[PDB]
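There is one chain below, alone, in structure tokens, taken in the form deposited in one PDB entry.
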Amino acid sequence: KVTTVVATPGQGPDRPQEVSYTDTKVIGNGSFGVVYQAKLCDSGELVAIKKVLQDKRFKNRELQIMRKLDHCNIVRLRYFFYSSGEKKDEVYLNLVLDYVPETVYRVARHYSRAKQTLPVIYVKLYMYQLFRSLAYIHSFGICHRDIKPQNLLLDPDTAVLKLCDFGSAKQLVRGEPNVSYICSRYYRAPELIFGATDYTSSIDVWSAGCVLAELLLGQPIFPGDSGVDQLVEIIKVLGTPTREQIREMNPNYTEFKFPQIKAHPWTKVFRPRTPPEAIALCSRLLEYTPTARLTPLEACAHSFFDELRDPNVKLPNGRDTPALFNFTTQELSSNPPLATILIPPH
């Protein structure tokens, strides 16, 4: 019935408290372990509890990263605690996160199975908030490395998006190599596909670009069950990466045989109804050269999102838009003058 734990609050000083929850249901499995849902007895609030085997030598990287994240577009770590259950003698870490009822993945698939497109206002809202969460985590040097629709939480009532699953997230340090095999099918940046170990946070941006494209197309823009098929799909849109473009990602994948194809016009990729600002944003996200891709903040400032900056804009359900402008010094640090655009007169 009721489970009572002594859990450490995610934020502030390490001062644990007796927390009680009930109504436990499984809502997710994964290589990481299990995600439960539960109801706090104190507030009646719903939480997701992510339970992962804790081993054993060092501190859990995900926990360390989530404890220092505080942002309206990032899933909130309310508590964490340790327990048993399964394995025995092996210890588990439980992350107690504020529950969010939907995902971009589930919402997009509703539209896709109805053979309809998500209305562009939602694309703008969701994409903008995704780029904020990225601008934020990148300001600490943290790369998410698994940006995909299922890791994008939504409250359908308020249209707030929250980035989750920091299971793959890492603090990227120049010159310290990182595993190339992160990030999920369709959303992998071409340098990851080429197995680069010196990649940057701009892989998060490529993935976001793939998410944007998918929301406009109603299906993944770069499908394929292997790297070589994805790469073909990318080359069909972007053209063949030059010897230099290859070099800017390549562990020398120069000299290899790539299908030669000229850059297909980006306007021809989407429905004719698709706003040009949407397409222009895509072509600035999905670039071969990682440094040529927009930074998350610059993307927030893109003209595609101007409607979000209209004082008269409202949600289709009649309510107001979430707080889109409460930028901090931290968030703006990669380009402070962009504040002129990011924060509208109201």
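All residue numbers refer to positions in the sequence shown, first residue = 1. Between two forms, the rigid core is the largest collection of C-alphas that superpose within 1.5 Å.
In every other compared PDB entry of this protein that covers both flanking sides, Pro101 is modelled, so it falls short of the one-third threshold for missing coordinates. Residue-level annotation: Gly85 lacks coordinates in a third or more of the other entries compared, counting only those that model residues on either side of it. For the pair 126-134 and 88-96, the record assigns the higher mean C-alpha temperature factor to 88-96. Stretches 268-276 and 229-237 differ in mean C-alpha B factor, with the higher average recorded for 268-276. When the Cα B-factors of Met249, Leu152, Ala159, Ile142 are read from the PDB record, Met249 comes out highest. Taking the PDB entry at face value, the top CA B factor among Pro101, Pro259, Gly167, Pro223 belongs to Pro259.
In this PDB entry, the Cα temperature factor of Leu53 sits in the top third of its chain's modelled residues, the highest group. For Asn326, the recorded CA temperature factor ranks within the lowest third of the chain's modelled residues. In this PDB entry, the Cα temperature factor of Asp70 sits in the middle third of its chain's modelled residues. Ranked by Cα temperature factor within the chain, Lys59 sits in the highest third according to the deposited record. In this PDB entry, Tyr82 carries a Cα temperature factor that places it within the middle third of its chain's modelled residues.
Not pictured, yet referred to below: the form deposited in another entry.
Lining up the core between the shown form and the other one shows that one residue from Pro259, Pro119, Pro272, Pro177 moves its Cα 2 Å or more, and that residue is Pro259.
Annotation for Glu298: C-alpha shift under 2 angstroms between the shown form and the other one, rigid core superposed.
Positional change of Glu307 between the shown form and the other one stays under 2 Å at the C-alpha, relative to the superposed core. If you fit the rigid core between the shown form and the other one, you'll see the Cα of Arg319 move by less than 2 angstroms. The gap between the Cα atoms of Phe58 and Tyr181 is smaller in the other entry, by no less than 3 Å, than in this form.
Annotation: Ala189/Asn60 CA-CA distance shorter in the other entry than in the displayed model, change of at least 3 Å.
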